Amino acid sequence: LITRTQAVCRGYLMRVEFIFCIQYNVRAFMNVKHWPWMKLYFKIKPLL
């Protein structure tokens, strides 16, 4: 009974501990910098 009560409590904490919108939107933002022209203006102009 004591070990089982502690087991239900561990149960509760892990169910409470049990991000998607951040990870995909952050990745979609990462892919902003793939467009060739974006890369180009960034090298074309340190060389003015």
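Quick notes on this structure:
- An ellipsoid equivalent to the chain, defined through the eigenvalues of its Cα gyration tensor, has semi-axes of 54, 10, 5 Å when rounded to whole angstrom and sorted largest first.
- Estimated [θ] at 222 nm from DSSP helical runs (n ≥ 4, -39500 (n - 2.57)) normalised by residues in the chain, nearest 500: -23500 deg cm²/dmol
Every number here is computed from the coordinates shown, using simple stated rules; none is lab data.
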